[PDB]
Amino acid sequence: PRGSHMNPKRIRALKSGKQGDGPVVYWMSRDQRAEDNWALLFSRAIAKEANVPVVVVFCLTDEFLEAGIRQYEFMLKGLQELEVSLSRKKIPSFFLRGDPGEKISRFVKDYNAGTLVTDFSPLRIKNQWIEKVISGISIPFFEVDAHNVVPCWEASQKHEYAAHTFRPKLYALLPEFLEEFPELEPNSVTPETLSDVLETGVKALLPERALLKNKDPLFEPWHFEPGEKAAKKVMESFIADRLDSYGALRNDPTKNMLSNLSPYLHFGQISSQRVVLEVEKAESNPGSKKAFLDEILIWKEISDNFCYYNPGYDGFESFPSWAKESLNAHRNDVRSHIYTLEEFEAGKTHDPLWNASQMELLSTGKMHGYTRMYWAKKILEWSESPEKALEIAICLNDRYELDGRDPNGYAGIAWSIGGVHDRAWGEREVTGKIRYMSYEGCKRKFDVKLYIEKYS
């Protein structure tokens, strides 16, 4: 409804009804940013057509107890900057604590909202909140895909087996959906503390903090500055300094040649469409430009496709039949080593390369992309069962990665353990036909000793 630079294919109606006379309320969950936000822009256009103001509601759930301080501070500090950014545009931001299924419905009734808009996320918990909200509200409810360049329900209607099947589909719809972002218009009609919730949450997560021998924290919070503004600087530095050499050095953990955009992209502090727009105009190495675009467009959005069309995305049942049969037949194979969650967590294994990868995960919260494959695949090799390996890999990924609890993580773990979006390889013990990685293979691609010595 309404909009000249707005594609209607980015919005879908979750619930029909009579449009109320109150303000249009935007339920911000995934895209925590002010600029290049389709969901916020569409909420403004609906408000403009109805001559009502637009407001933003963020519901703080109990999910931060499962995660750590590193994710809590990163999200909270970005929200504090976001509050000022919306305030400059005369857009009020309301922060609620509790279950969104009950808090959002209460806010709609109390604030007398006219229309409700929310961003899209294929996670299981989001669909549970939406269904609860729908039964408690009586105004139209819309969903906007502000995370993907091409809407998830529009790119493909089925689960995609491999990237080479999804690649032609995505690139065919690029000329339509890849476009510039109109500026956010400030509100014409004007009508909890973020510091207190930060202090309250931190005290609850203090006992669960990872520590060293001398009770010293392992996490180093100066590597990534949270916030919308800092994410712009990371993109600018990557395009100017790192994008040219990305194609040749993205598989070398000893070189900081990655975009470092996943923590910002996970919380929606920067738009992946915005990154694509600046990358496309950038005149750099054609090989590196193609390599980076294949990651942020295909592999990032196919991860949303995997979780959207597979409700068991974090389970063994989502694996392909060939992988399940191979893993089933190799259940009784004697493992070379057996490690529990705690031994994996502290990095007390016989592999010095695996332990160094974990320390980078512990200290920085963002382990290098190449070593994540080795990190996850060796968990399967040294665990009781494939279910145990999937349980440990998901737990350590969500607990310590800044980009954890993301569709890119569940798809990545399933790729490493269950061969999702992959193919069969040579037959092996324990791991069967799942793709294999060895220490000697990494030794021939990068300086392993430098990586190991960098992280003890």
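A residue's number is simply how far along the shown sequence it sits, counting from 1.
A chain break between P175 and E176 is not present, all residues of the deposited sequence in that interval being modelled. The deposited model assigns a higher average Cα B-factor to 46 to 54 than to the other stretch when 390 to 398 and 46 to 54 are compared. The stretch 32 to 40 shows the higher mean C-alpha B-factor when 417 to 425 is compared against 32 to 40 in the entry. Residue set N332, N214, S156, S363: peak C-alpha B-factor at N214 (per PDB entry). When the C-alpha B-factors of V84, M75, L297, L261 are read from the PDB record, the largest value belongs to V84. The deposited CA B-factor of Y161 belongs to the highest third of values across its chain. In this PDB entry, the Cα temperature factor of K126 sits in the middle third of its chain's modelled residues.
Looking at the C-alpha B-factors along this chain, the one for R2 belongs to the highest third. When all modelled residues of the chain are sorted by CA temperature factor, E183 is found within the highest third.
Split the chain's modelled residues into thirds by C-alpha temperature factor. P140 is in the highest one.
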